[PDB]
Amino acid sequence: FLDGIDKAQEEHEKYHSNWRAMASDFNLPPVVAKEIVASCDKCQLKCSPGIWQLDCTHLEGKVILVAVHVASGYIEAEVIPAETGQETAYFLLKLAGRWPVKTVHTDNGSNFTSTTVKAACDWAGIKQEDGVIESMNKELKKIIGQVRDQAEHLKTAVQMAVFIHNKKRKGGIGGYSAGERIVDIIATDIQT
Amino acid sequence: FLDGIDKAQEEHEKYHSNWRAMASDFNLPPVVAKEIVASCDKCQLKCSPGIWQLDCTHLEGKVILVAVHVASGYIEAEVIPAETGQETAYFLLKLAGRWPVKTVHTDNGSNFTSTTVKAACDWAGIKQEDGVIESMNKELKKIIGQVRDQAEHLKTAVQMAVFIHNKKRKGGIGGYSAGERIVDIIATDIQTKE
Amino acid sequence: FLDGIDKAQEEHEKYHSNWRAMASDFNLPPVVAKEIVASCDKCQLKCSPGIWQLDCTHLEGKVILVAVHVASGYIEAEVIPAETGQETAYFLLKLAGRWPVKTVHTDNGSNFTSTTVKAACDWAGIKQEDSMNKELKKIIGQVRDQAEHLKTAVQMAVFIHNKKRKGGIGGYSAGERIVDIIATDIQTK
Amino acid sequence: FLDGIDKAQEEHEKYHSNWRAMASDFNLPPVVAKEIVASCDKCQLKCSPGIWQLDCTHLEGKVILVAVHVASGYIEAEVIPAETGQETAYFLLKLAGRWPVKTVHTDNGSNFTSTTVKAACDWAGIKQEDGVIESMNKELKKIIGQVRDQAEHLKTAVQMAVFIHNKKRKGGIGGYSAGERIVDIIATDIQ
Ligand SMILES: [K+]
Ligand SMILES: [K+]
Ligand SMILES: [K+]
Ligand SMILES: [K+]
Ligand SMILES: [Zn+2]
Ligand SMILES: [Zn+2]
Ligand SMILES: [Zn+2]
Ligand SMILES: [Zn+2]
Numbered sequence: 001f002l003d004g005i006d007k008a009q010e011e012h013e014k015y016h017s018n019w020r021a022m023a024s025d026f027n028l029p030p031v032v033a034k035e036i037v038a039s040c041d042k043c044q045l046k056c057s058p059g060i061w062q063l064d065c066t067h068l069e070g071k072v073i074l075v076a077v078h079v080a081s082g083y084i085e086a087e088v089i090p091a092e093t094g095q096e097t098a099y100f101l102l103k104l105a106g107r108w109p110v111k112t113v114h115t116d117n118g119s120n121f122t123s124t125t126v127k128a129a130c131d132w133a134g135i136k137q138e139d149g150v151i152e153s154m155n156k157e158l159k160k161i162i163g164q165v166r167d168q169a170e171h172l173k174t175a176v177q178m179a180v181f182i183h184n185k186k187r188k189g190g191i192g193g194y195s196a197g198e199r200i201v202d203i204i205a206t207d208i209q210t
Numbered sequence: 001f002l003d004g005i006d007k008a009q010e011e012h013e014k015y016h017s018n019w020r021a022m023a024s025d026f027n028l029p030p031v032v033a034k035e036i037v038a039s040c041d042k043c044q045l046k056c057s058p059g060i061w062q063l064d065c066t067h068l069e070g071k072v073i074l075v076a077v078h079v080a081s082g083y084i085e086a087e088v089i090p091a092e093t094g095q096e097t098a099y100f101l102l103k104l105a106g107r108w109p110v111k112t113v114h115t116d117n118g119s120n121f122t123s124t125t126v127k128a129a130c131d132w133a134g135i136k137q138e139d149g150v151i152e153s154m155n156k157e158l159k160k161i162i163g164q165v166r167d168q169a170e171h172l173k174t175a176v177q178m179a180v181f182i183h184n185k186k187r188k189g190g191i192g193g194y195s196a197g198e199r200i201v202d203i204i205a206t207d208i209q210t211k212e
Numbered sequence: 001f002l003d004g005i006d007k008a009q010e011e012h013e014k015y016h017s018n019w020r021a022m023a024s025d026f027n028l029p030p031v032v033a034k035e036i037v038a039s040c041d042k043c044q045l046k056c057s058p059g060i061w062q063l064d065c066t067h068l069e070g071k072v073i074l075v076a077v078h079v080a081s082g083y084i085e086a087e088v089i090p091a092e093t094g095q096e097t098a099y100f101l102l103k104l105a106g107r108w109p110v111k112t113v114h115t116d117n118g119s120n121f122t123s124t125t126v127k128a129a130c131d132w133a134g135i136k137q138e139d153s154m155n156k157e158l159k160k161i162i163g164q165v166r167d168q169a170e171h172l173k174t175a176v177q178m179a180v181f182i183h184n185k186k187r188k189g190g191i192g193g194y195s196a197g198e199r200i201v202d203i204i205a206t207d208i209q210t211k
Numbered sequence: 001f002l003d004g005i006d007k008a009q010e011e012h013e014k015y016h017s018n019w020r021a022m023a024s025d026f027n028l029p030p031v032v033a034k035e036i037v038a039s040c041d042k043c044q045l046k056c057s058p059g060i061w062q063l064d065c066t067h068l069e070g071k072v073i074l075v076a077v078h079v080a081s082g083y084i085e086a087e088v089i090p091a092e093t094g095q096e097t098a099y100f101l102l103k104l105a106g107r108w109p110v111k112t113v114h115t116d117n118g119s120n121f122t123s124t125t126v127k128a129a130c131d132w133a134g135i136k137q138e139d149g150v151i152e153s154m155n156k157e158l159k160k161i162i163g164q165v166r167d168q169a170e171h172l173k174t175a176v177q178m179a180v181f182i183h184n185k186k187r188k189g190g191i192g193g194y195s196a197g198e199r200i201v202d203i204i205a206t207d208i209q
């Protein structure tokens, strides 16, 4: 924005760099960078920021509910006392209260297909369209693995793992964490 | 955007229009409009994004731990079994992996002073210290009352109240909800730091 | 209105949304939205549409009489010759025949308590009673070099303040709010 | 409003009641009653809201600048020291600052063709275009005439006349005053 728009346009004119590259290189907010790619004839832009995947995983005989913001890879997970629609519904309401949950992809099992979960979704305005999860499950279990001895109860280990996953594992063009990506993707979405 | 920055910038030299006005009047994303105001040397746009306030409030014989993002008004709350450091620590831990929590302000209750919470804060790199909290518990309790009927258990009502507060109560110059504001405050605090 | 009442009703049934929000979200006239709230047992509605605050301020050695529509924030102002009741009463007369002014709040200012003002108030059916100055001053400052006489700069600032400073749920200007507020009062009359 | 919207609609499918009738018979706000009419295939709910007519009239050797909001009949008037662009431009600025003035219609006087007035218009975003204002011009003088002895200076007499015209002369299907019509017209055009 210190002429970042013109510097970026010339750069794109010659090399046709994607928006992530231009956003990072010239310090432009994503909405601006994307518009440049939009204005180009020889290009095109590159999951809805409101799509989430939910599923349960098991460890130490305990149940863990996991939610994954597909577009960013941001995770939210909790050790729940029982694989019941009620516990899942409660978990959804909380999730829905902090993020713009629009549609949730889940399996057609007893729990996620329960009437309680459906009630929550209806209330929250979440449509259920019912391996991004197999990856998260195993990455989360690995982080829990590498940090398990720092906590007596799994609950805490799990929360430590979520913390590490969303804030201490960086990558990509901007070298962002998953936590910064969800916040960025959604702030950008608000911009349009 | 269709050379809108151009027109907006022109109109601004004359009227020195609000960012909300230029965004609306010229169909520009608010961040671009805000930049026009920042560029103008006759105007100026109008709390640290890492400051949160925690407190325990009571309703129907239950305990509700509430966390407020001071700069945004964004809330996060939960019914906990009892007012203990273990519950507080766990709550804090979940909060921290979710948002960039750097400083936390509390009332000094034994639960916030506990070694368990202190250990939680050290682990997650959070500094402890110590009207927003008070006023907020009131607004939440009020929404809880309006919604109580729709739920059997209070914990569900509490969560509906949080949802409503963060997403369905808008206002301010931007007409945003606290949920939309925190994402803006934090996303911005990232860019500047890049 | 395209079955917007129906949609707003269910939104409120769950989240008990305020009337401004429902008016804006479902494109319903304020009177319809406020009725949804009034019908609900869990809520209560939302300053009187006819209340105005009148004051004087100075700039460049001149007197600026400022009138503020408390509920909307809309403003009206003008450079007057002297801070005398006579000028104040004439200003009021002009205002009153423009907006439904029912009550005017002011200080004990000599020119605000003069008999000539009460005369004007009594004629127009206005009842006398009893920060915006700073905002006006500030806008005038951003626009000063665009005008010669202070008069014109003042009006330019009023224009700016009333039409180019949007905000709130509907992103309205003070100018749009006062009209909407008053039109809405006509609906419930 | 107490299910009155429902009743009103039922009756309309039968009588095709006027909006004033329904607003009155079912205690509904006029805007709700107008919608019912607009929603009916068999009925029709009967000038641009941004158009104003401007002109000067004389009385007692002084100049009165009058502005008319054509769609509502609403008025704004003032005694100006002289028929010059300088005075017209200041007047338009004040006006444009309170109402959404999009286009002004005037005669050909150098009074309104002045470059001073053109600068004022360009600044306020108003378009120019050199007998709706003749009727108001005469009725204003009439009201002034009957209220004159109530004020020492012409200045105050004129403002009393404007006040009376805008808020004390009702009519039309809605039984509204010009002051009420412009607001309704402007508020509706906003949405
Ligand atoms: K493209
Ligand atoms: K600035
Ligand atoms: K009520
Ligand atoms: K019709
Ligand atoms: Zn390209
Ligand atoms: Zn400016
Ligand atoms: Zn309600
Ligand atoms: Zn009909």
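Chains as they are written, first to last, in the deposited numbering: chain A, 1 to 46, 56 to 139, 149 to 210; chain B, 1 to 46, 56 to 139, 149 to 212; chain D, 1 to 46, 56 to 139, 153 to 211; chain C, 1 to 46, 56 to 139, 149 to 209. Even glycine gets a Cβ: it sits at the ideal position worked out from N, Cα and C.
By the C-beta density criterion, A/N120 is buried, having at least 16 other C-beta atoms within 10 angstroms. Here D/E198 is buried, its C-beta having at least 16 other C-beta atoms within 10 Å. Per the C-alpha coordinates, the member of D/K185, D/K160 and D/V180 positioned closest to C/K103 is D/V180. D/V79 places its beta carbon 7 angstroms or farther from that of D/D64.
Take D/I161, set aside five residues on each side of it, and the residues of its chain with a beta-carbon closer than 7 angstroms to its own are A179, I182 and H183, in chain order.
Against chain D, the CB of C/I36 has no partner CB under 7 angstroms away; the residue lies outside that interface. In the three-state DSSP reduction, D/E69 falls in the coil class, being neither helix nor strand.
A/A128 and A/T93 have their C-alpha atoms some 14 angstroms from each other.
Segment contact: the region 37-46 of chain A against the region 151-165 of chain A, fewer than three CB-CB distances shorter than 8 angstroms; contact not assigned.
Listed by position along the chain, the residues with Cβ atoms less than 6 angstroms from a non-hydrogen atom of ligand 2 are B/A38, B/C40, B/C43 and B/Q44. Assignment of C/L28 by DSSP, reduced to helix, strand and coil, places it in the coil class. In the three-state scheme derived from DSSP, where H, G and I count as helix and E and B as strand, A/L74 is classed as strand. For B/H171, no beta strand (DSSP E) segment is defined, and its DSSP state is neither H nor E. Three or more pairs of CB atoms, one per stretch, sit closer than 8 angstroms, so the region 187-204 of chain D contacts the region 81-97 of chain D.
Judged by pairs of C-beta atoms under 8 angstroms, the region 65-72 of chain D does not touch the region 1-17 of chain D, as fewer than three such pairs exist.
Annotated three-state conformation of B/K211 is coil, per DSSP. Cβ atoms of D/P58 and D/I203 come within 8 angstroms of each other, at about 5 angstroms. Under the Cβ criterion of 7 angstroms, A/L102 is counted among the residues facing chain B. Close to chain B, meaning a Cβ-Cβ distance shorter than 9 angstroms, are the following residues of the region 178-198 of chain D: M178, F181, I182, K185, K186, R187, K188, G189, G190, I191, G192, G193 and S195.
At least one heavy atom of ligand 8 falls within 6 angstroms of the beta-carbon of C/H16. Contact between B/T115 and B/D139 is confirmed by a C-beta separation of about 6 angstroms, below the 8 angstroms threshold.
Neighbours of A/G59 in chain B, taken as residues at a C-beta separation under 8 angstroms, are lacking, since the least C-beta distance is about 13 angstroms.
Of all residues in the region 67-100 of chain D, none has a C-beta nearer than 9 angstroms to a C-beta of chain B. Note on geometry: alpha-carbon atoms of A/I36 and D/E85 lie some 43 angstroms from one another.
Judged by their CB atoms, B/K188 and D/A33 are not nearer to each other than the 7 angstroms cut-off. Checking the DSSP bridge columns, you'll see D/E85 partnered with D/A76. DSSP, reduced to helix, strand and coil, places D/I135 outside both helices and strands of the structure shown, so it counts as coil. Taking every protein chain shown into account, the CB of D/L2 has fewer than 16 other CB atoms within 10 angstroms, so this residue is exposed. Among the CB atoms of chain C, none fall inside 7 angstroms of the CB of D/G163. Membership of B/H114 in the beta strand (DSSP E) is indicated by the continuous run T112 to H114. Straight across, the Cα-Cα distance linking D/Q62 with D/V77 is about 5 angstroms. For B/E13, none of the residues of chain A pass the 8 angstroms Cβ criterion, the least Cβ distance being about 18 angstroms. Under the three-state reduction of DSSP, B/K188 is assigned to strand. Contacts with chain B at 7 angstroms (Cβ-Cβ) include D/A21.
Taken atom to atom, the span from the alpha-carbon of D/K159 to that of D/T66 is near 9 angstroms.
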